[PDB]
Amino acid sequence: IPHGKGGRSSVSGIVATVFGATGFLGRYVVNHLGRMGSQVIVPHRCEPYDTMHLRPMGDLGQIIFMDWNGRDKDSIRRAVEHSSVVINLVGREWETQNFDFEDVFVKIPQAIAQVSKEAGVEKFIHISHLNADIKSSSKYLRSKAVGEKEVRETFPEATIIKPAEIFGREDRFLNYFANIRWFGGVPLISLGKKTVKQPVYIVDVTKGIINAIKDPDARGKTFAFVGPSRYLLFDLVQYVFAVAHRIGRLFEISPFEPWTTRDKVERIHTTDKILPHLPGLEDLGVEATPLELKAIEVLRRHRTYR
Amino acid sequence: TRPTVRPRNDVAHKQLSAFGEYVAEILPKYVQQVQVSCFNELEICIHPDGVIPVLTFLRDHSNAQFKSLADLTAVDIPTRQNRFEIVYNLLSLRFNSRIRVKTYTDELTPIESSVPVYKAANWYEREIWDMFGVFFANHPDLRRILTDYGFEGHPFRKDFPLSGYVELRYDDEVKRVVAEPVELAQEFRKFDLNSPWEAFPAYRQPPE
Amino acid sequence: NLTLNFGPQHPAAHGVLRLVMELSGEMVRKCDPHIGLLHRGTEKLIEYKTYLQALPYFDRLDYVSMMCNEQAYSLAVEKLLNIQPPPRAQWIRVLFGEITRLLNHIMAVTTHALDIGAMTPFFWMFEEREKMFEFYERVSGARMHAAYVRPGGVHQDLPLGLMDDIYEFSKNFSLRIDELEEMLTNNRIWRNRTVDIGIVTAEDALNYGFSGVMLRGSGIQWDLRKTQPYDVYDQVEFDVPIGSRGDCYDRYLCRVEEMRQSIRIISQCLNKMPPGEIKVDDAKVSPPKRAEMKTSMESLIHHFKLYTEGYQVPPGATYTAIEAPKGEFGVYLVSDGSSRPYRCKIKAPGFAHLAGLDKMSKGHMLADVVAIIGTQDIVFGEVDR
Amino acid sequence: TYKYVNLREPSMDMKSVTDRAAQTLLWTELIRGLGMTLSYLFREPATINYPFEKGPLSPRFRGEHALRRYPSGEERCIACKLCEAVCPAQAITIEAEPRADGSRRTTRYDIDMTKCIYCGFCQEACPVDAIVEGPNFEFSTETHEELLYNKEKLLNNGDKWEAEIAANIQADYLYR
Amino acid sequence: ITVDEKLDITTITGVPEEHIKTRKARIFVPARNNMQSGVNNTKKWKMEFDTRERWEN
Amino acid sequence: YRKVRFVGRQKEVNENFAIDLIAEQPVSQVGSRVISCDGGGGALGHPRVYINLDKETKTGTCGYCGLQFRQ
Amino acid sequence: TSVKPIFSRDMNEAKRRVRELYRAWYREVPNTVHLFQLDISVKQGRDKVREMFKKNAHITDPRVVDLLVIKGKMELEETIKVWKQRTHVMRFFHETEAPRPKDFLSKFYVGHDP
Amino acid sequence: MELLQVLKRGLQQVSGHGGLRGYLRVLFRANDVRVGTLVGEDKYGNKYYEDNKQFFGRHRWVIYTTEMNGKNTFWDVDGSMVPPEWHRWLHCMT
Amino acid sequence: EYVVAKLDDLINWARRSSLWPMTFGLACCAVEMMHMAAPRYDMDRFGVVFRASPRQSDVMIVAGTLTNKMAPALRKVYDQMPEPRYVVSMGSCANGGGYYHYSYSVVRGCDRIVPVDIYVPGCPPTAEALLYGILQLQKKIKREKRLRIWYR
Amino acid sequence: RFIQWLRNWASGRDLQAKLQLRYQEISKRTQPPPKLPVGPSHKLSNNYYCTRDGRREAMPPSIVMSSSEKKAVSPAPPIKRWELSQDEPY
Amino acid sequence: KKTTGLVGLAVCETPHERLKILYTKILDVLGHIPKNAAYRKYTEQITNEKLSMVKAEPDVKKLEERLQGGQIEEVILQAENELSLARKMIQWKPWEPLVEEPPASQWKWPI
Ligand SMILES: NC(=O)c1ccc[n+]([C@@H]2O[C@H](COP(=O)([O-])OP(=O)(O)OC[C@H]3O[C@@H](n4cnc5c(N)ncnc54)[C@H](OP(=O)(O)O)[C@@H]3O)[C@@H](O)[C@H]2O)c1
Ligand code: SF4
Ligand code: SF4
Ligand code: SF4
Ligand SMILES: [Zn+2]
C-alpha cells in the first residue's frame, strides 16, 4: 500500500525485479524506480564494480544485489520468490566465443517463464523489437521473433513491449555513426532508400514502463513504440557530420568487440514500419519527442562551441 | 555571603553609573533609554534617526576614544510590533570599557549604514541583509555572503523552519544535481522542557 | 584583465577559500574573495538545545583549540549564574588554557611554511606534537574534541601522573624551538621571502577592528591578557612581545617569543596549585558524584532532573570575550529564562582579519597573496560566525 | 609589559662588515646552519608498524558502544530513557513495554553510529550504569545500511568481551 | 525627510513557496498538564500548524 | 514480506535471552523484615532500595535488582 | 505610513524600473545559453523571464516592489559573470520533478489530502 | 673502524636466531626483523614479544602467523584477529 | 584457465600496491589525517604516497562536512578521475552528516551524490582505525579481470 | 663512536634531549587508588541553604531614562603604561 | 628618538605650539555654536584644562604627564578629530529635544 509523497523515502507498494540492467537501457529505467521509492531487486551476473555507479538512485534499503547465471534455475528463482511484478530486458548483440546465442532468446526467457510465473507474479513484461520478424533476415534479427511466439505459449497475458530503434546517450546505433573517423565515410550502403527507422527517445521508453507497471488491465494487450515525425530520411547521415563538423572489457583491451563485418550491418537497414493497429505508445501516454532538440546532447566532437 | 558566589564590586558600578549619565544630557535628541547592568555593562537605547552622529560622536572625543568596533549582531524578537533589533558593541582602547548600542527598526524601514563612520562594517552589514532582509542605506556593495545562491528565505528569523525545503540529490537522468522537496529519515523529535513553578522572584512580571 | 580563481585548487594549504583576481597584468590591485564553503547552520541550530547539550558545538568551532574554546563559553555563562568557580579548578583552566597556545603557534608556522613550500619543518615539529595529545586522551575523553570544561567548572580531576609528565615534557621543549630559529630566523631567503609585505600600520589597521597579532607586534600596545582577568591569571609573571614595523615578518616574530612565554607560565603554574575539590558545591549546577547518586534521596532528584532539563538561567543580556590564540572571541549570549537559550551570536576572528585582505594585498604580486594568508592564521569553519 | 624584538641598529664600522661581507659572498651562512640542522638524520625513526605494533591509550578512552549485564544475565538496562534525552544527535530511540514477568525492559534500541557524535554523556547519565563506551576501534563496514546498530548487535557486542570493559570501569570509578 | 504617509495592509510573500494558501494556523493557550499543579506555563500564547501524515520508514 | 533483504546474509542474531533467566536463580531468603539491595557490588549496579517481605514469602526482584528475593 | 522608502516614491519611479532591467534580461537569455553550454531552445528562456515578472503583479503598495528590485538586480550580478556553475541556472526549471496532480479526483486516490 | 665492533653485535642478532629459514620467512612480511627477547604466552601461535624496555609504541609487537578462524595462510591480516583481552595490554592500557 | 588467471594475481595486486589519494580538507577530520602524515603512524611508504595532483588519483577521500555550495564542485572533480576508482569517506559527518544533520544547508549523507565504498565512523577517527580502513580496502580487492571476458 | 661526534659537530651537541621519549625515564605507570577530598562547605550544622544563595540576583538597575558643574567623568581612569621586562628587550 | 613607538606616525614636527594653535583653533570655532547645549560646557572645560597645562613648559616628556594621551604626536590626533567633531555639531542639531518616542512598550525584556 502507498504512503505520503513519492519524492524519496516512500513505499509506493510495488516490488519489481529487473534483470540485465547494466547496459544502456536497463540502467536508465531503474533510475526512475528508486525515485518514487520501492523494493527494487536487481541481480547482476558477474560484476561487483560495474554496478558502483548505479547505487545513488535508490535512497537506503531500497536496492539489493544478488548473483545469478541464468542457465541455472534457482538463482533465477530464489530472488523472485518475494515480489509483485517482474520485467526483463536481457540480451545483447554478437555470439559469444563460449555461449550458444540462439537459445538465449529462447530458453532464457523460458527460464524465467518457469516456476517464476507459477510463484504468483503478475504483469510480467518482456521486450521485443519492431523489426523482429519470422522472415529469412537476419541471423540476429530473426531468431528474435522465434522467442516472440515460442515463448508466448507461456505467460498467456504479458503485454510484451515492442520498441523501435532508440536514441539516447550511450547506445550503439547512433554511436555507430560519428565513431567512423576513417578514410571514408560511407552510408549503408551508398544509398538513401530505406533510411531510416523510428528513433524513439529514451525518456519515452522509461516513461512507458512506469505507466504500465500499475496501468491496470495491460496484460496480453501488447504495445508498440511510435518514433518521431515521421519516417526518416537519408539526411541523418549528413546531419551527423554537419553539426559534429566532420565497462568490464579487460585490463588492456578486449580482443573482439568489433564493428562486425557480418549480419550486424543489415539488422538496422531493414526498417519495417510495422502494423499501426497496436495501441501502443500514445495510449500508454504521454510520449512525444522530436529529434532536432536532443541531438545537441549526445553528439560531442572537437569544436564544442561553434 | 559565602565562597562560590561571584564577588561583585562597586567601583566600576559607580563610574559606569557616572559616565553614561551625562551622555543623554549632551544629546537629548536621539537617546531614549539608558540602563546600567548589574555587572558593569551599559545600554544606550537609540531611535535610529541618530544612527550615524551618535557613533560619530563616539568615533572621536577627548574623554571617550571608542574606536574599536568589535561586534555587529542582529537579534529578532517577534511580538514587539517592530520585530528586529540591531545591536552594536564597541570598545574604548584607552579606557578598558564596554558599551553597547541597541537600535530597533522594522523590516521595510531602512537604516543609514555606518560605512563612512567605520570600515570594519564591510562584511558585517551585508550579513544582516542576507539573513534578514534589513536593507541598510547607501552601502557601496550589497551582495550575498554565507548563504547559497538560490535561497529566498533569509533563514535566521523564526518562521523559517529547521530544515529548509531544498534537500538536494543527484540522479544520472542526464548530468544534473537537481533540487527536490525535503524528506527526512527522522522527525527531529521535539521535546517539552519548561518546568512550572517560577524559579525566579526578581523578574516577576506585572501581574495584570 | 585575466580573471583567474586560484583557490578551489586543492594545492595543499587548505583546498577552500575560492576567490577572484582582477589582476592588472602582473599586479593584482583588486581582490574579492568568496566565503561560505562551510556555513553548516550553526547559530540557528543552538536555538533548540539546552545549555549542557549544546556545549560541544563550541568545541568544533576551531580546528585546534579544545580548551580555549569552551573557556569562552563557561566564563560567558558563570557570570549570568552568580558563581565563582572553585580555586583548584581555576589552576587547570589556566594550565590547558596555556597549553592550546602551544598548538596554534606550532600549527601557525609550519602550515604557513608549507604553503611557502618548505617540507622538513612540517615533519620536524608534528613528531614532537604527538607527545601532547597523550595528555588530552589521558584527562578528558578523546583525541581532540573534548567536552571537558563545563559550566560547573572542571568535569573531573586529572589522575595520578600528569605532573611529572608535564614537567618532563616542558623541560625539553626549548631545544625544539631553538631548531626553527636556526631554520628560519638567521636564514636570508625566507627573510627575503617576507620583508615589507603587508605593511598595514595606520589607524585603519585598528578601524578594521583587528584583534591581536596583526596588532601590537605592529605597534599599538594592548592585549586582553593583563588588562582583563579571567581566573588566577594575573598572579603569574610574563611579558608580551612587540615587533618593530608593521609587516608580516614583524608579526612573525611575535610567535617565537609567544611560545617562549607559555613555557615560563607552565613552569610557574605548577608550583602554585593547592589540593581541593573539582566542582561547584551548591549542586543546582554541578551534578553530584557517582558514589552519591546511588545512596541518598536528595542526590537523584538533583540528578535525574538535571539531565531532563538544564539549569535555570536568569534573563538579561550579556557579553564577553577572551584571548583566543589568534584573536578576541566575542560571544553575545542572549538568555531568555529557561533551560533552552535564546540567540547565541558569536564573533570569531577572520571577519576583520580577512576583510582587510583588500587593503593589505594590492600593489603586490600574485605569489605574494598565498604568503599573506598564512600569516593571519585563518581557519575555515571558524569563519562560520 | 614590553619587549622590542627585531629592533637593533647595525654595527657600521671597519671590521664588523667583514662578518657581513663573508656571509653573503662565501656563504658561511646557510651551510653551517642549514646543512647541519638537516643532518641530523642519524636519529631513530619513531614509526609504529601499525598491523603489528600499536600505540598508547588511556583508561578513559571512548569508542564502540556496548551493553553490560549483571552476574548471570539480567539486562542491566532498566530503560530509564535518560541516555536518550541527553544525546545531542538523538541517536537513541527506545520503545519499552512491560515484559510478562513484570519488570520493564526494552523492545527497540538504536544507536545511529552514523549520527553518533560521541559526546559520551550516555555513559555519564545512566543511574544503573548500563551503556558503556567500549574501548575498541574495530570498525569500517561497507554499507550505510549496516552501521545502524539494533539491540541484538549490542548485547552480542557487549558480550564479545567483558573483561576488557570490566577492568577499565573498576580502575576509573573512584575519580568520577 | 521623505515621510510620504500612505496606507496598506502589509501582506508579504515570495519568501515561502506555496504554503501560504494551503495551511491554517492555530492560536491557543496551553492549559495545565494535569499530572501536577504548576501554573507557570500559562500567560503565553503559542501557535502550532496543521499536522500531516506520519508513515513507517 | 520483509524476508528478501537477508538472502545470502545469514541473519546475525542473538543466542542467549534475558527474557527468563531470573528463574534459574537460587531465590534468596533471610527471615527478617527489610533488607538492603546493593546487588552487583557496592557503588555499582542498582541503587539501594528497601523491600517488605511479608506476603507469599517474596519481594519481587526489586525491579532494579532483578534477582529473585524472598524468604 | 511613518516610514521612508528605499528608491521609489509612488508607483511611477517603480513601474519604470521593472520594465528597465527586463531588457537586460532579454539580451542576456541568448547570451548565456551558449555560455553555460546547456542545450534547450532560447525562446523557452524568454518565456520563463516574463513568467517571473507577471506572476507578482498583484501588488498595490510601493517599497515592496522596490524590495524586489534589489532582489531582481542582485540576480544579475552572478548572471553576467560566471558565479553559477551550470546548476543554479538549471535550478529555475522544475525538470526532473514528478508532476503535481492538482485535480480533485486525482488527489483522492493518492495521499491523505496533502 | 666501527664496521666490525657493532657488526659482532649484529651477527648473532641476525644469524643466531632460526638460521636461514626462520630469518627469510619472517623477512617477507615487513622490516620487522629484530627478534624479541621476552615472550608472551597467549594464545594460538601469536607470541606477543615484549622487547628490551628500550622502546615505547614498538616494544610490545605481535606476530600473525596462520588462519585464525578460517582465513588465508599469511597474506591477509587486518589486525583485528587479537583476542579481546589483549586490548587491556597491546594498546598499553596497563 | 590456470595460465590466464595467474596473470591477475599481478595486476589486481599492482593496483592495491600503489594508491595515490586525494584529500578534501573541509573540517576537523582534516587535521587528524595530517597526524597520519606525521611520521608516528607514517602514512607514506606503506604502499601509498602523499598528496598528489587532482589528475593522477585513484582513491578520493571526502573528510568533514559538505554544504550545498560544494555539491557541484564535488561531482566535477569526481568526473575527472580515471576509471578504476574508489571512494572512501572518513568522519561521522560523511555518513549521514553527523549532527548538523537537521540543518537547512548540509548535504545529507555524502552518499546521495557519490557512491562510496568504505565507511569509517567517528568524530575524529583517531588515525588508528583509519589505517585499518585502508587495509580493509586492499583486502576488498580480491576481484578479477580475467574470468570476466573469459566467461562472457 | 665515530658516527656519534659527527652529530656533535653538526648543529651543536645535545645527546640527551632525544626526539623520542620511548627510552627509560618516561613515567610508566602509577600504583595507588585515588580518593577525592570533599571540601567546600559540604558538611552539616552550619552549611545550610539560604546562606549559600548562588542564584537569584536582581534585575539590572535602571538609570534615568525617558517616560551641573560635573567634572566630565571618564568611564575609567586611563591605562598607565608598561615596563620593559628586564631580561633582554632587544 | 626617531621612531614614535606607534608605527604609522612621524614626529612632525614641533611640540608646544602645533598643539597650542589647535586648541585655540577649536576655541574660536567653539564660540560659534549657540549656547544652550552642555556640549560647550564640558568641551570648553577640558580644552581650557588642557591648554593651561599645555602652554608652555619644558619638556616634551613632562608634557606627557598630566596630559593622558599616548605620545605627544598622537595627542595631536586626540584633538585632530575633535576639531572635525565640533564643526559638524553645527550641521545637525542635537540640542533639539527628543524625537520619535518608542510606542510605550518596547524596551521590556522578558517578551
Ligand atoms: N530497444 C532497442 O533499440 C535495442 C537495440 C539493440 C538491442 N536491444 C536489446 O534490448 C535490450 C537492450 O539492452 P542495452 O541497450 O541496455 O545493451 P546491453 O549491454 O546488451 O544490456 C542488456 C544486458 O543484458 C546482459 N547480458 C547479455 N547476455 C547475458 C547473459 N547470458 N546473461 C545475463 N546477462 C546478459 C548484458 O550484460 P551483463 O551480462 O553484464 O549483465 C547487459 O547488461 C537487450 O536485450 C538488447 O539485446 C534493444
Ligand atoms: S543507559 Fe540508562 S537511559 Fe539508556 S537504556 Fe540503559 S537504563 Fe535506560
Ligand atoms: S555516544 Fe554520544 S551521541 Fe551517542 S548517545 Fe552517547 S552522548 Fe549521544
Ligand atoms: S564532527 Fe567529525 S567530521 Fe565534523 S568537524 Fe568534527 S571531527 Fe570533523
Ligand atoms: Zn538488589
# chains A, B, ... in the order shown; residues from 1 in each chain; ligands from 1
>>> residues_around(residues="segment 39-48 of chain E", least_positions_apart="5", cutoff="10 Å", atoms="only C-alpha atoms", output="ChimeraX atom specification")
/B:194-199,207 /E:24-33 /K:111
>>> write_last_selection(atoms="N, CA and C atoms", output="CSV table (one decimal), in the first residue's frame")
chain,number,residue,atom,x,y,z
B,194,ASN,N,9.9,23.0,29.6
B,194,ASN,CA,9.7,24.1,30.5
B,194,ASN,C,8.9,23.6,31.8
B,195,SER,N,9.6,23.4,32.9
B,195,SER,CA,9.0,23.1,34.1
B,195,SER,C,8.3,24.2,34.7
B,196,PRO,N,7.2,24.0,35.4
B,196,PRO,CA,6.5,25.1,36.0
B,196,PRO,C,7.1,25.5,37.3
B,197,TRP,N,6.4,26.4,38.1
B,197,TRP,CA,6.6,26.9,39.5
B,197,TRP,C,7.6,28.0,39.6
B,198,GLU,N,8.1,28.7,38.6
B,198,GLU,CA,8.6,30.1,38.6
B,198,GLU,C,9.8,30.2,39.6
B,199,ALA,N,11.0,29.7,39.1
B,199,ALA,CA,12.2,29.7,40.0
B,199,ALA,C,12.8,31.1,40.3
B,207,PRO,N,1.5,41.7,37.2
B,207,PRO,CA,0.5,40.5,37.3
B,207,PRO,C,-0.8,40.8,36.6
E,24,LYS,N,-3.5,26.3,7.7
E,24,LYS,CA,-4.2,27.2,8.6
E,24,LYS,C,-3.6,27.1,10.0
E,25,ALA,N,-3.2,28.2,10.6
E,25,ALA,CA,-2.6,28.2,11.8
E,25,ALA,C,-3.6,28.1,13.0
E,26,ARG,N,-3.1,28.0,14.2
E,26,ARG,CA,-4.0,27.9,15.4
E,26,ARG,C,-3.3,28.7,16.6
E,27,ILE,N,-4.0,29.6,17.2
E,27,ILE,CA,-3.6,30.3,18.3
E,27,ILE,C,-4.4,29.9,19.5
E,28,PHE,N,-3.7,29.5,20.6
E,28,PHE,CA,-4.5,28.9,21.7
E,28,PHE,C,-3.6,29.1,23.0
E,29,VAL,N,-4.2,28.7,24.1
E,29,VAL,CA,-3.5,28.8,25.4
E,29,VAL,C,-3.1,27.3,25.8
E,30,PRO,N,-1.9,27.0,26.1
E,30,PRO,CA,-1.6,25.8,26.8
E,30,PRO,C,-2.0,25.8,28.2
E,31,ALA,N,-2.8,24.8,28.7
E,31,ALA,CA,-3.5,24.9,29.9
E,31,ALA,C,-3.3,23.7,30.8
E,32,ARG,N,-2.3,23.7,31.7
E,32,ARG,CA,-2.1,22.8,32.8
E,32,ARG,C,-2.1,21.4,32.5
E,33,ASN,N,-1.0,20.8,32.1
E,33,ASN,CA,-0.7,19.4,32.2
E,33,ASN,C,-1.1,18.9,33.5
K,111,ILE,N,9.9,39.1,26.9
K,111,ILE,CA,8.9,39.0,25.9
K,111,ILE,C,7.7,39.8,26.2
>>> residues_near_ligand(ligand="ligand 1", cutoff="7 Å", atoms="only C-alpha atoms and all ligand atoms", output="PyMOL selection string")
chain A and resi 20-26+44-47+69-70+89-93+104+127+129+163-166+171
>>> residues_near_ligand(ligand="ligand 3", cutoff="6 Å", atoms="only C-alpha atoms and all ligand atoms", output="NGL selection string")
:D and (87-89 or 91-92 or 116-122)
>>> select_by_dssp(residues="chain G", states="helix (DSSP H, G or I)", output="ChimeraX atom specification")
/G:15-18,20-26,29-33,42-55,65-80,90-92,104-109
>>> residues_around(residues="segment 41-50 of chain J", least_positions_apart="6", cutoff="9 Å", atoms="only C-alpha atoms", output="list in words")
residues 3 of chain B; 281 and 282 of chain C
>>> residues_around(residues="residue 112 of chain A", least_positions_apart="4", cutoff="9 Å", atoms="only C-alpha atoms", output="NGL selection string")
:A and (70 or 73 or 76-77 or 88 or 107-108 or 116-117)
>>> atom_distance(atom1="atom CA of residue 241 of chain C", atom2="atom CA of residue 109 of chain C")
16.6 Å
>>> closest_atom_pairs(of="chain D", to="ligand 2", cutoff="10 Å", atoms="only C-alpha atoms and all ligand atoms", output="Markdown table")
| residue | atom | partner | partner_atom_place_in_ligand_line | distance |
| --- | --- | --- | --- | --- |
| D:67 | CA | ligand 2 | 6 (Fe) | 8.1 |
| D:68 | CA | ligand 2 | 6 (Fe) | 9.3 |
| D:75 | CA | ligand 2 | 6 (Fe) | 9.0 |
| D:76 | CA | ligand 2 | 6 (Fe) | 7.3 |
| D:77 | CA | ligand 2 | 6 (Fe) | 3.9 |
| D:78 | CA | ligand 2 | 7 (S) | 4.2 |
| D:79 | CA | ligand 2 | 8 (Fe) | 3.2 |
| D:80 | CA | ligand 2 | 8 (Fe) | 3.7 |
| D:81 | CA | ligand 2 | 3 (S) | 3.7 |
| D:82 | CA | ligand 2 | 3 (S) | 3.8 |
| D:83 | CA | ligand 2 | 3 (S) | 4.1 |
| D:84 | CA | ligand 2 | 3 (S) | 6.2 |
| D:85 | CA | ligand 2 | 3 (S) | 8.2 |
| D:86 | CA | ligand 2 | 3 (S) | 9.3 |
| D:92 | CA | ligand 2 | 4 (Fe) | 8.2 |
| D:93 | CA | ligand 2 | 5 (S) | 9.2 |
| D:94 | CA | ligand 2 | 5 (S) | 7.3 |
| D:95 | CA | ligand 2 | 5 (S) | 9.9 |
| D:96 | CA | ligand 2 | 5 (S) | 9.5 |
| D:105 | CA | ligand 2 | 5 (S) | 8.8 |
| D:106 | CA | ligand 2 | 5 (S) | 7.7 |
| D:109 | CA | ligand 2 | 5 (S) | 7.7 |
| D:110 | CA | ligand 2 | 5 (S) | 9.8 |
| D:121 | CA | ligand 2 | 1 (S) | 9.8 |
| D:122 | CA | ligand 2 | 1 (S) | 6.2 |
| D:123 | CA | ligand 2 | 1 (S) | 7.2 |
| D:124 | CA | ligand 2 | 1 (S) | 8.9 |
| D:125 | CA | ligand 2 | 2 (Fe) | 6.7 |
| D:126 | CA | ligand 2 | 2 (Fe) | 3.8 |
| D:127 | CA | ligand 2 | 2 (Fe) | 6.2 |
| D:128 | CA | ligand 2 | 7 (S) | 6.1 |
| D:129 | CA | ligand 2 | 1 (S) | 6.3 |
| D:130 | CA | ligand 2 | 1 (S) | 4.5 |
| D:131 | CA | ligand 2 | 1 (S) | 4.6 |
| D:132 | CA | ligand 2 | 1 (S) | 8.1 |
>>> interface_residues(of="chain C", to="chain F", cutoff="8 Å", atoms="only C-alpha atoms", output="list in words")
residues 290, 291, 294 and 295 of chain C
>>> write_last_selection(atoms="N, CA and C atoms", output="mmCIF file, in the first residue's frame")
data_model
loop_
_atom_site.group_PDB
_atom_site.id
_atom_site.type_symbol
_atom_site.label_atom_id
_atom_site.label_comp_id
_atom_site.auth_asym_id
_atom_site.auth_seq_id
_atom_site.Cartn_x
_atom_site.Cartn_y
_atom_site.Cartn_z
ATOM 1 N N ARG C 290 29.234 10.192 41.612
ATOM 2 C CA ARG C 290 28.640 8.901 41.302
ATOM 3 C C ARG C 290 28.412 8.078 42.560
ATOM 4 N N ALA C 291 29.298 8.177 43.540
ATOM 5 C CA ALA C 291 29.076 7.493 44.805
ATOM 6 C C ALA C 291 27.969 8.131 45.631
ATOM 7 N N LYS C 294 23.782 7.140 44.192
ATOM 8 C CA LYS C 294 23.336 5.776 44.358
ATOM 9 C C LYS C 294 22.949 5.503 45.805
ATOM 10 N N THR C 295 23.069 6.489 46.697
ATOM 11 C CA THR C 295 22.745 6.288 48.104
ATOM 12 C C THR C 295 21.577 7.125 48.593
#
>>> residues_around(residues="residue 42 of chain B", least_positions_apart="6", cutoff="7 Å", atoms="only C-alpha atoms", output="list in words")
residues 35, 36, 99 and 100 of chain B
>>> residues_around(residues="residue 95 of chain B", least_positions_apart="3", cutoff="6 Å", atoms="only C-alpha atoms", output="NGL selection string")
(:B and (92)) or (:J and (76 or 78))
